[PDB]
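For reference, final32.txt (compact mmCIF, N, CA, C and O atoms):
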```
# COMPACT_ATOMS: atom_id res chain seq x y z
N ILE A 1 12.11 0.11 -6.89
CA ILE A 1 10.75 0.73 -6.76
C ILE A 1 10.33 0.61 -5.30
O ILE A 1 10.34 -0.49 -4.74
N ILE A 2 9.95 1.74 -4.70
CA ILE A 2 9.51 1.78 -3.31
C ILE A 2 8.20 2.53 -3.33
O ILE A 2 8.14 3.65 -3.82
N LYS A 3 7.16 1.89 -2.82
CA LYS A 3 5.83 2.51 -2.69
C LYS A 3 5.34 2.32 -1.27
O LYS A 3 5.25 1.18 -0.80
N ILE A 4 5.05 3.44 -0.58
CA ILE A 4 4.61 3.41 0.81
C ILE A 4 3.38 4.27 1.01
O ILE A 4 3.40 5.43 0.64
N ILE A 5 2.37 3.70 1.68
CA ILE A 5 1.23 4.43 2.21
C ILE A 5 1.29 4.35 3.73
O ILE A 5 1.22 3.25 4.30
N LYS A 6 1.39 5.52 4.37
CA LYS A 6 1.38 5.61 5.83
C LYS A 6 -0.01 6.06 6.34
O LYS A 6 -0.95 6.36 5.57
N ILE B 1 12.45 4.68 -8.43
CA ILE B 1 11.10 5.29 -8.30
C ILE B 1 10.68 5.18 -6.84
O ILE B 1 10.69 4.08 -6.28
N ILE B 2 10.30 6.31 -6.24
CA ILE B 2 9.85 6.34 -4.85
C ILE B 2 8.55 7.10 -4.87
O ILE B 2 8.49 8.22 -5.36
N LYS B 3 7.51 6.45 -4.36
CA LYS B 3 6.18 7.07 -4.23
C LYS B 3 5.69 6.89 -2.81
O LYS B 3 5.60 5.74 -2.34
N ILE B 4 5.39 8.01 -2.12
CA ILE B 4 4.96 7.97 -0.73
C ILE B 4 3.73 8.83 -0.53
O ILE B 4 3.75 9.99 -0.90
N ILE B 5 2.72 8.26 0.14
CA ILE B 5 1.58 9.00 0.67
C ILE B 5 1.64 8.91 2.19
O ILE B 5 1.57 7.82 2.76
N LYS B 6 1.74 10.08 2.83
CA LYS B 6 1.72 10.18 4.29
C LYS B 6 0.34 10.62 4.80
O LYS B 6 -0.60 10.92 4.03
N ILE C 1 -11.59 8.11 4.06
CA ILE C 1 -10.14 8.27 3.71
C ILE C 1 -9.75 7.28 2.62
O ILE C 1 -9.93 6.09 2.79
N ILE C 2 -9.27 7.80 1.50
CA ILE C 2 -8.84 6.96 0.37
C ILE C 2 -7.44 7.39 -0.03
O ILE C 2 -7.23 8.53 -0.34
N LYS C 3 -6.51 6.42 -0.08
CA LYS C 3 -5.10 6.65 -0.45
C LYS C 3 -4.72 5.59 -1.45
O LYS C 3 -4.79 4.39 -1.15
N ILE C 4 -4.30 6.03 -2.64
CA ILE C 4 -3.97 5.10 -3.70
C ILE C 4 -2.64 5.48 -4.37
O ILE C 4 -2.43 6.63 -4.75
N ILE C 5 -1.75 4.50 -4.50
CA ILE C 5 -0.53 4.62 -5.28
C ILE C 5 -0.68 3.65 -6.44
O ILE C 5 -0.80 2.44 -6.25
N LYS C 6 -0.66 4.19 -7.65
CA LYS C 6 -0.48 3.40 -8.85
C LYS C 6 1.01 3.62 -9.12
O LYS C 6 1.48 4.71 -9.45
N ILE D 1 -11.24 12.67 2.52
CA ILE D 1 -9.79 12.83 2.17
C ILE D 1 -9.40 11.85 1.08
O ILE D 1 -9.59 10.65 1.25
N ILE D 2 -8.92 12.36 -0.04
CA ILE D 2 -8.49 11.53 -1.17
C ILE D 2 -7.10 11.95 -1.57
O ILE D 2 -6.88 13.10 -1.89
N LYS D 3 -6.16 10.98 -1.62
CA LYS D 3 -4.76 11.22 -1.99
C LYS D 3 -4.37 10.16 -2.99
O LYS D 3 -4.45 8.96 -2.69
N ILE D 4 -3.95 10.60 -4.18
CA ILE D 4 -3.63 9.66 -5.24
C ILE D 4 -2.30 10.05 -5.91
O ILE D 4 -2.09 11.19 -6.29
N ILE D 5 -1.40 9.06 -6.04
CA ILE D 5 -0.18 9.19 -6.82
C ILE D 5 -0.33 8.21 -7.98
O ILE D 5 -0.45 7.01 -7.79
N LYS D 6 -0.31 8.76 -9.19
CA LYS D 6 -0.13 7.97 -10.39
C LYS D 6 1.36 8.19 -10.66
O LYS D 6 1.83 9.27 -10.99
N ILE E 1 -10.90 17.24 0.98
CA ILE E 1 -9.44 17.40 0.63
C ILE E 1 -9.06 16.41 -0.46
O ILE E 1 -9.24 15.22 -0.29
N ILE E 2 -8.58 16.93 -1.58
CA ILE E 2 -8.15 16.09 -2.71
C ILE E 2 -6.75 16.52 -3.11
O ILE E 2 -6.53 17.66 -3.43
N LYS E 3 -5.82 15.55 -3.16
CA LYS E 3 -4.41 15.78 -3.53
C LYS E 3 -4.03 14.72 -4.53
O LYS E 3 -4.10 13.52 -4.23
N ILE E 4 -3.61 15.16 -5.72
CA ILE E 4 -3.28 14.23 -6.78
C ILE E 4 -1.95 14.61 -7.45
O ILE E 4 -1.74 15.76 -7.83
N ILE E 5 -1.06 13.63 -7.58
CA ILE E 5 0.16 13.75 -8.36
C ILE E 5 0.01 12.78 -9.52
O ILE E 5 -0.10 11.57 -9.33
N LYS E 6 0.04 13.32 -10.73
CA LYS E 6 0.22 12.53 -11.93
C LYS E 6 1.71 12.75 -12.20
O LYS E 6 2.17 13.84 -12.53
N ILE F 1 -10.55 21.80 -0.56
CA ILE F 1 -9.09 21.96 -0.91
C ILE F 1 -8.71 20.98 -2.00
O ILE F 1 -8.89 19.78 -1.83
N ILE F 2 -8.23 21.49 -3.12
CA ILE F 2 -7.80 20.66 -4.25
C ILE F 2 -6.40 21.08 -4.65
O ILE F 2 -6.19 22.23 -4.97
N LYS F 3 -5.47 20.11 -4.70
CA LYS F 3 -4.06 20.35 -5.07
C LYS F 3 -3.68 19.29 -6.07
O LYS F 3 -3.75 18.09 -5.77
N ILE F 4 -3.26 19.72 -7.26
CA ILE F 4 -2.93 18.79 -8.32
C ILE F 4 -1.60 19.18 -8.99
O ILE F 4 -1.39 20.32 -9.37
N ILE F 5 -0.71 18.19 -9.12
CA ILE F 5 0.51 18.31 -9.90
C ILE F 5 0.36 17.34 -11.06
O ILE F 5 0.24 16.14 -10.88
N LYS F 6 0.38 17.89 -12.27
CA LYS F 6 0.57 17.10 -13.47
C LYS F 6 2.06 17.31 -13.74
O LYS F 6 2.52 18.40 -14.07
N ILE G 1 12.80 9.24 -9.97
CA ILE G 1 11.45 9.86 -9.84
C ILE G 1 11.02 9.74 -8.38
O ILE G 1 11.04 8.64 -7.82
N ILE G 2 10.65 10.87 -7.78
CA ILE G 2 10.20 10.91 -6.39
C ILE G 2 8.90 11.66 -6.41
O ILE G 2 8.84 12.78 -6.90
N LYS G 3 7.86 11.02 -5.90
CA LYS G 3 6.53 11.64 -5.77
C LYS G 3 6.03 11.45 -4.35
O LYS G 3 5.94 10.31 -3.88
N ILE G 4 5.74 12.57 -3.66
CA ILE G 4 5.31 12.54 -2.27
C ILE G 4 4.08 13.40 -2.07
O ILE G 4 4.09 14.56 -2.45
N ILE G 5 3.07 12.83 -1.40
CA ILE G 5 1.93 13.56 -0.87
C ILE G 5 1.98 13.48 0.65
O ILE G 5 1.91 12.38 1.22
N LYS G 6 2.08 14.65 1.29
CA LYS G 6 2.07 14.74 2.75
C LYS G 6 0.69 15.19 3.26
O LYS G 6 -0.25 15.49 2.49
N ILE H 1 13.15 13.81 -11.51
CA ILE H 1 11.79 14.42 -11.38
C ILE H 1 11.37 14.31 -9.92
O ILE H 1 11.38 13.21 -9.36
N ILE H 2 11.00 15.44 -9.32
CA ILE H 2 10.55 15.47 -7.93
C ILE H 2 9.24 16.23 -7.95
O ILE H 2 9.18 17.35 -8.44
N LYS H 3 8.20 15.58 -7.44
CA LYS H 3 6.87 16.20 -7.31
C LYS H 3 6.38 16.02 -5.89
O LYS H 3 6.29 14.87 -5.42
N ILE H 4 6.09 17.14 -5.20
CA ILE H 4 5.66 17.10 -3.81
C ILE H 4 4.43 17.96 -3.61
O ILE H 4 4.44 19.12 -3.99
N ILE H 5 3.42 17.39 -2.95
CA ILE H 5 2.28 18.13 -2.41
C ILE H 5 2.33 18.04 -0.89
O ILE H 5 2.26 16.95 -0.32
N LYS H 6 2.43 19.21 -0.25
CA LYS H 6 2.42 19.30 1.21
C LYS H 6 1.04 19.75 1.72
O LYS H 6 0.09 20.05 0.95
N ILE I 1 -11.94 3.54 5.60
CA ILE I 1 -10.48 3.70 5.25
C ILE I 1 -10.10 2.72 4.16
O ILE I 1 -10.28 1.52 4.33
N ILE I 2 -9.62 3.24 3.04
CA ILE I 2 -9.19 2.40 1.91
C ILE I 2 -7.79 2.82 1.51
O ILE I 2 -7.58 3.97 1.20
N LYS I 3 -6.86 1.85 1.46
CA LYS I 3 -5.45 2.09 1.09
C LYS I 3 -5.07 1.03 0.09
O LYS I 3 -5.14 -0.17 0.39
N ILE I 4 -4.65 1.47 -1.10
CA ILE I 4 -4.32 0.53 -2.16
C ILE I 4 -2.99 0.92 -2.83
O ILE I 4 -2.78 2.06 -3.21
N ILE I 5 -2.10 -0.07 -2.96
CA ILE I 5 -0.88 0.06 -3.74
C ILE I 5 -1.03 -0.91 -4.90
O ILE I 5 -1.15 -2.12 -4.71
N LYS I 6 -1.01 -0.37 -6.11
CA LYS I 6 -0.83 -1.16 -7.30
C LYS I 6 0.67 -0.94 -7.58
O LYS I 6 1.13 0.14 -7.91
N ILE J 1 -12.29 -1.02 7.14
CA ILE J 1 -10.83 -0.86 6.79
C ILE J 1 -10.45 -1.84 5.70
O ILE J 1 -10.63 -3.04 5.87
N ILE J 2 -9.97 -1.33 4.58
CA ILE J 2 -9.54 -2.17 3.45
C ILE J 2 -8.14 -1.74 3.05
O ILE J 2 -7.93 -0.59 2.74
N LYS J 3 -7.21 -2.71 3.00
CA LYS J 3 -5.80 -2.48 2.63
C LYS J 3 -5.42 -3.53 1.63
O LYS J 3 -5.49 -4.74 1.93
N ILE J 4 -5.00 -3.10 0.44
CA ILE J 4 -4.67 -4.03 -0.62
C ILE J 4 -3.34 -3.65 -1.29
O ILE J 4 -3.13 -2.50 -1.67
N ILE J 5 -2.45 -4.63 -1.42
CA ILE J 5 -1.23 -4.51 -2.20
C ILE J 5 -1.38 -5.48 -3.36
O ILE J 5 -1.49 -6.69 -3.17
N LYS J 6 -1.36 -4.93 -4.57
CA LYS J 6 -1.17 -5.73 -5.76
C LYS J 6 0.32 -5.51 -6.04
O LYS J 6 0.78 -4.42 -6.37
N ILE K 1 -12.64 -5.58 8.68
CA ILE K 1 -11.18 -5.43 8.33
C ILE K 1 -10.79 -6.41 7.24
O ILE K 1 -10.98 -7.61 7.41
N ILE K 2 -10.32 -5.89 6.12
CA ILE K 2 -9.89 -6.73 4.99
C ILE K 2 -8.49 -6.31 4.59
O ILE K 2 -8.27 -5.16 4.28
N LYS K 3 -7.55 -7.28 4.54
CA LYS K 3 -6.15 -7.04 4.17
C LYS K 3 -5.76 -8.10 3.17
O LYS K 3 -5.84 -9.30 3.47
N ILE K 4 -5.35 -7.66 1.98
CA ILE K 4 -5.02 -8.60 0.92
C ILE K 4 -3.69 -8.21 0.25
O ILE K 4 -3.48 -7.07 -0.13
N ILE K 5 -2.79 -9.20 0.12
CA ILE K 5 -1.57 -9.07 -0.66
C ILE K 5 -1.72 -10.04 -1.82
O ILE K 5 -1.84 -11.25 -1.63
N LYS K 6 -1.70 -9.50 -3.03
CA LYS K 6 -1.52 -10.29 -4.22
C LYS K 6 -0.03 -10.07 -4.50
O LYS K 6 0.44 -8.99 -4.83
N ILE L 1 11.76 -4.45 -5.35
CA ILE L 1 10.40 -3.83 -5.22
C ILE L 1 9.98 -3.95 -3.76
O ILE L 1 9.99 -5.05 -3.20
N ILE L 2 9.61 -2.82 -3.16
CA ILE L 2 9.16 -2.78 -1.77
C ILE L 2 7.85 -2.03 -1.79
O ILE L 2 7.79 -0.91 -2.28
N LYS L 3 6.81 -2.68 -1.28
CA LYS L 3 5.48 -2.06 -1.15
C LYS L 3 4.99 -2.24 0.27
O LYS L 3 4.90 -3.39 0.74
N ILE L 4 4.70 -1.12 0.96
CA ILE L 4 4.27 -1.16 2.36
C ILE L 4 3.04 -0.30 2.55
O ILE L 4 3.05 0.86 2.18
N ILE L 5 2.02 -0.87 3.22
CA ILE L 5 0.89 -0.13 3.75
C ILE L 5 0.94 -0.22 5.27
O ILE L 5 0.87 -1.31 5.84
N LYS L 6 1.04 0.95 5.91
CA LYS L 6 1.03 1.05 7.37
C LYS L 6 -0.35 1.49 7.88
O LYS L 6 -1.30 1.79 7.11
N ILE M 1 -12.98 -10.15 10.22
CA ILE M 1 -11.53 -9.99 9.87
C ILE M 1 -11.14 -10.97 8.78
O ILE M 1 -11.33 -12.17 8.95
N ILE M 2 -10.66 -10.46 7.66
CA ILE M 2 -10.23 -11.29 6.53
C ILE M 2 -8.83 -10.87 6.13
O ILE M 2 -8.62 -9.72 5.82
N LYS M 3 -7.90 -11.84 6.08
CA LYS M 3 -6.49 -11.61 5.71
C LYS M 3 -6.11 -12.66 4.71
O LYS M 3 -6.19 -13.87 5.01
N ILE M 4 -5.69 -12.23 3.52
CA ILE M 4 -5.37 -13.16 2.46
C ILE M 4 -4.03 -12.78 1.80
O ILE M 4 -3.83 -11.63 1.41
N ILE M 5 -3.14 -13.76 1.67
CA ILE M 5 -1.92 -13.64 0.88
C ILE M 5 -2.07 -14.61 -0.28
O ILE M 5 -2.19 -15.82 -0.09
N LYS M 6 -2.05 -14.06 -1.49
CA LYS M 6 -1.87 -14.86 -2.68
C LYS M 6 -0.38 -14.64 -2.96
O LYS M 6 0.09 -13.55 -3.29
N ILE N 1 11.41 -9.02 -3.81
CA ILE N 1 10.06 -8.40 -3.68
C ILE N 1 9.63 -8.52 -2.22
O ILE N 1 9.65 -9.62 -1.66
N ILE N 2 9.26 -7.39 -1.62
CA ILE N 2 8.81 -7.35 -0.23
C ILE N 2 7.51 -6.59 -0.25
O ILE N 2 7.45 -5.48 -0.73
N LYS N 3 6.47 -7.24 0.26
CA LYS N 3 5.14 -6.62 0.39
C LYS N 3 4.64 -6.81 1.81
O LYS N 3 4.55 -7.95 2.28
N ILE N 4 4.35 -5.69 2.50
CA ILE N 4 3.92 -5.72 3.90
C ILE N 4 2.69 -4.86 4.09
O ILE N 4 2.70 -3.70 3.72
N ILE N 5 1.68 -5.43 4.76
CA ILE N 5 0.54 -4.70 5.29
C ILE N 5 0.59 -4.78 6.81
O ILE N 5 0.52 -5.88 7.38
N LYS N 6 0.69 -3.61 7.45
CA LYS N 6 0.68 -3.52 8.91
C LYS N 6 -0.70 -3.07 9.42
O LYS N 6 -1.64 -2.77 8.65
N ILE O 1 -13.33 -14.71 11.76
CA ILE O 1 -11.87 -14.55 11.41
C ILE O 1 -11.49 -15.54 10.32
O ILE O 1 -11.67 -16.74 10.49
N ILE O 2 -11.01 -15.02 9.20
CA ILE O 2 -10.58 -15.86 8.07
C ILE O 2 -9.18 -15.44 7.67
O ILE O 2 -8.97 -14.29 7.36
N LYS O 3 -8.25 -16.40 7.62
CA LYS O 3 -6.84 -16.17 7.25
C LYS O 3 -6.46 -17.23 6.25
O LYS O 3 -6.53 -18.43 6.55
N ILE O 4 -6.04 -16.79 5.06
CA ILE O 4 -5.71 -17.73 4.00
C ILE O 4 -4.38 -17.34 3.34
O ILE O 4 -4.17 -16.20 2.95
N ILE O 5 -3.49 -18.33 3.21
CA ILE O 5 -2.27 -18.20 2.42
C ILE O 5 -2.42 -19.17 1.26
O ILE O 5 -2.54 -20.38 1.45
N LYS O 6 -2.40 -18.63 0.05
CA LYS O 6 -2.22 -19.42 -1.14
C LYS O 6 -0.72 -19.20 -1.42
O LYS O 6 -0.26 -18.12 -1.75
N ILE P 1 11.06 -13.58 -2.27
CA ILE P 1 9.71 -12.96 -2.14
C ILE P 1 9.29 -13.08 -0.68
O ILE P 1 9.30 -14.18 -0.12
N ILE P 2 8.91 -11.95 -0.08
CA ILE P 2 8.46 -11.91 1.31
C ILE P 2 7.16 -11.16 1.29
O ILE P 2 7.10 -10.04 0.81
N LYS P 3 6.12 -11.81 1.81
CA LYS P 3 4.79 -11.19 1.93
C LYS P 3 4.30 -11.37 3.35
O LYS P 3 4.20 -12.52 3.82
N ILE P 4 4.00 -10.25 4.04
CA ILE P 4 3.57 -10.29 5.44
C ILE P 4 2.34 -9.43 5.63
O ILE P 4 2.36 -8.27 5.26
N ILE P 5 1.33 -9.99 6.30
CA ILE P 5 0.19 -9.26 6.83
C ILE P 5 0.25 -9.35 8.35
O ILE P 5 0.18 -10.44 8.92
N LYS P 6 0.35 -8.18 8.99
CA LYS P 6 0.33 -8.08 10.45
C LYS P 6 -1.05 -7.63 10.96
O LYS P 6 -1.99 -7.34 10.19
N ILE Q 1 10.72 -18.15 -0.73
CA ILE Q 1 9.36 -17.53 -0.60
C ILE Q 1 8.94 -17.65 0.86
O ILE Q 1 8.95 -18.75 1.42
N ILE Q 2 8.56 -16.52 1.46
CA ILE Q 2 8.12 -16.48 2.85
C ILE Q 2 6.81 -15.72 2.83
O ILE Q 2 6.75 -14.61 2.35
N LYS Q 3 5.77 -16.37 3.35
CA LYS Q 3 4.44 -15.75 3.47
C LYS Q 3 3.95 -15.93 4.89
O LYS Q 3 3.86 -17.08 5.36
N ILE Q 4 3.65 -14.82 5.58
CA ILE Q 4 3.22 -14.85 6.98
C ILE Q 4 1.99 -13.99 7.17
O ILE Q 4 2.01 -12.83 6.80
N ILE Q 5 0.98 -14.56 7.84
CA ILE Q 5 -0.16 -13.83 8.37
C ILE Q 5 -0.10 -13.91 9.89
O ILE Q 5 -0.17 -15.01 10.46
N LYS Q 6 0.00 -12.74 10.53
CA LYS Q 6 -0.01 -12.65 11.99
C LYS Q 6 -1.40 -12.20 12.50
O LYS Q 6 -2.34 -11.90 11.73
N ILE R 1 10.37 -22.71 0.81
CA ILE R 1 9.01 -22.09 0.94
C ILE R 1 8.59 -22.21 2.40
O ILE R 1 8.60 -23.31 2.96
N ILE R 2 8.22 -21.08 3.00
CA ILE R 2 7.77 -21.04 4.39
C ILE R 2 6.46 -20.29 4.37
O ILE R 2 6.40 -19.17 3.89
N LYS R 3 5.42 -20.94 4.89
CA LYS R 3 4.09 -20.32 5.01
C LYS R 3 3.60 -20.50 6.43
O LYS R 3 3.51 -21.65 6.90
N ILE R 4 3.31 -19.38 7.12
CA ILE R 4 2.87 -19.42 8.52
C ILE R 4 1.64 -18.55 8.71
O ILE R 4 1.66 -17.40 8.34
N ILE R 5 0.63 -19.12 9.38
CA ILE R 5 -0.51 -18.39 9.91
C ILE R 5 -0.45 -18.48 11.43
O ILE R 5 -0.52 -19.57 12.00
N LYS R 6 -0.35 -17.31 12.07
CA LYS R 6 -0.36 -17.21 13.53
C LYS R 6 -1.74 -16.76 14.04
O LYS R 6 -2.69 -16.46 13.27
```
Conversion result in structure tokens:
Amino acid sequence: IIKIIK
Amino acid sequence: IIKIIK
Amino acid sequence: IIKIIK
Amino acid sequence: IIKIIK
Amino acid sequence: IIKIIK
Amino acid sequence: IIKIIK
Amino acid sequence: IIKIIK
Amino acid sequence: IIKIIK
Amino acid sequence: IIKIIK
Amino acid sequence: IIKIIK
Amino acid sequence: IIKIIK
Amino acid sequence: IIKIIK
Amino acid sequence: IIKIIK
Amino acid sequence: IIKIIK
Amino acid sequence: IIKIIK
Amino acid sequence: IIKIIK
Amino acid sequence: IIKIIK
Amino acid sequence: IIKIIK
């Protein structure tokens, strides 16, 4: 699981 | 699962 | 600015 | 600006 | 601006 | 601007 | 599953 | 499943 | 600015 | 500025 | 500025 | 599990 | 400035 | 588990 | 400035 | 487990 | 377990 | 266990 907010 | 907000 | 990942 | 990933 | 992914 | 993916 | 908001 | 909002 | 990852 | 990772 | 990791 | 807020 | 790691 | 706030 | 690690 | 606030 | 606040 | 506040 990969969750990113840029 | 990959979730990205740019 | 609101950014949300559930 | 509102960005949401469920 | 509203962007939503369910 | 409203963009929605169910 | 890949979900992206740009 | 791939869901993208640009 | 609000950024949240659940 | 608020940034939260649960 | 508030940054929290649970 | 990888969760990143930039 | 508040930074918390639980 | 890797959680990062930048 | 408040920094806390539990 | 790695948790970082920068 | 590694927890860092910079 | 390594906990660092810089």
Taking only chain R into account, list the residues labelled strand (DSSP E) by DSSP (computed from the backbone), as an mmCIF file with N, CA, C and O atoms, in the frame of the given file.
```cif
data_model
loop_
_atom_site.group_PDB
_atom_site.id
_atom_site.type_symbol
_atom_site.label_atom_id
_atom_site.label_comp_id
_atom_site.auth_asym_id
_atom_site.auth_seq_id
_atom_site.Cartn_x
_atom_site.Cartn_y
_atom_site.Cartn_z
ATOM 1 N N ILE R 2 8.220 -21.080 3.000
ATOM 2 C CA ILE R 2 7.770 -21.040 4.390
ATOM 3 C C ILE R 2 6.460 -20.290 4.370
ATOM 4 O O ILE R 2 6.400 -19.170 3.890
ATOM 5 N N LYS R 3 5.420 -20.940 4.890
ATOM 6 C CA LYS R 3 4.090 -20.320 5.010
ATOM 7 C C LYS R 3 3.600 -20.500 6.430
ATOM 8 O O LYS R 3 3.510 -21.650 6.900
ATOM 9 N N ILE R 4 3.310 -19.380 7.120
ATOM 10 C CA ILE R 4 2.870 -19.420 8.520
ATOM 11 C C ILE R 4 1.640 -18.550 8.710
ATOM 12 O O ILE R 4 1.660 -17.400 8.340
ATOM 13 N N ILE R 5 0.630 -19.120 9.380
ATOM 14 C CA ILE R 5 -0.510 -18.390 9.910
ATOM 15 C C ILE R 5 -0.450 -18.480 11.430
ATOM 16 O O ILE R 5 -0.520 -19.570 12.000
#
```
Which distance in Å separates atom C of residue 2 (chain I) and CA of residue 4 (chain R), to one decimal?
25.6 Å
Taking 2 positions as the minimum chain separation for residues in the same chain, which residues sit within 4.5 Å of residue 5 (chain A) when counting all atoms listed in the file? Answer as a list in words.
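Here the answer would be residues 3 of chain A; 5 of chain B; 4, 5 and 6 of chain L.
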Suppose we keep N, CA, C and O atoms; can you now write the selection as a PDB file, in the coordinates of the input?
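That gives us part29.pdb:
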```pdb
ATOM      1  N   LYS A   3       7.160   1.890  -2.820  1.00  0.00           N
ATOM      2  CA  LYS A   3       5.830   2.510  -2.690  1.00  0.00           C
ATOM      3  C   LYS A   3       5.340   2.320  -1.270  1.00  0.00           C
ATOM      4  O   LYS A   3       5.250   1.180  -0.800  1.00  0.00           O
TER       5      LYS A   3
ATOM      6  N   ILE B   5       2.720   8.260   0.140  1.00  0.00           N
ATOM      7  CA  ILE B   5       1.580   9.000   0.670  1.00  0.00           C
ATOM      8  C   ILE B   5       1.640   8.910   2.190  1.00  0.00           C
ATOM      9  O   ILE B   5       1.570   7.820   2.760  1.00  0.00           O
TER      10      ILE B   5
ATOM     11  N   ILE L   4       4.700  -1.120   0.960  1.00  0.00           N
ATOM     12  CA  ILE L   4       4.270  -1.160   2.360  1.00  0.00           C
ATOM     13  C   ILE L   4       3.040  -0.300   2.550  1.00  0.00           C
ATOM     14  O   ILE L   4       3.050   0.860   2.180  1.00  0.00           O
ATOM     15  N   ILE L   5       2.020  -0.870   3.220  1.00  0.00           N
ATOM     16  CA  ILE L   5       0.890  -0.130   3.750  1.00  0.00           C
ATOM     17  C   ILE L   5       0.940  -0.220   5.270  1.00  0.00           C
ATOM     18  O   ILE L   5       0.870  -1.310   5.840  1.00  0.00           O
ATOM     19  N   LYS L   6       1.040   0.950   5.910  1.00  0.00           N
ATOM     20  CA  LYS L   6       1.030   1.050   7.370  1.00  0.00           C
ATOM     21  C   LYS L   6      -0.350   1.490   7.880  1.00  0.00           C
ATOM     22  O   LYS L   6      -1.300   1.790   7.110  1.00  0.00           O
TER      23      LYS L   6
END
```
One-decimal distance in Å that lies between atom O of residue 1 (chain I) and atom N of residue 1 (chain D):
11.3 Å
Taking every listed atom of chain H and adding 8 Å to each side, what centre and edge lengths in Å (one decimal) does the axis-aligned box have, as lines of an AutoDock Vina configuration file?
```
center_x = 6.6
center_y = 16.6
center_z = -4.9
size_x = 29.1
size_y = 22.8
size_z = 29.2
```
Keeping C-alpha atoms, write chain B of the structure just shown out as a PDB file, in the first residue's frame.
```pdb
ATOM      1  CA  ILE B   1      -2.843  -0.301  -3.893  1.00  0.00           C
ATOM      2  CA  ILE B   2      -1.398   3.066  -4.963  1.00  0.00           C
ATOM      3  CA  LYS B   3      -3.201   6.314  -4.175  1.00  0.00           C
ATOM      4  CA  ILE B   4      -1.640   9.663  -5.133  1.00  0.00           C
ATOM      5  CA  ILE B   5      -2.843  13.255  -4.883  1.00  0.00           C
ATOM      6  CA  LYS B   6      -0.582  15.743  -6.686  1.00  0.00           C
TER       7      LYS B   6
END
```
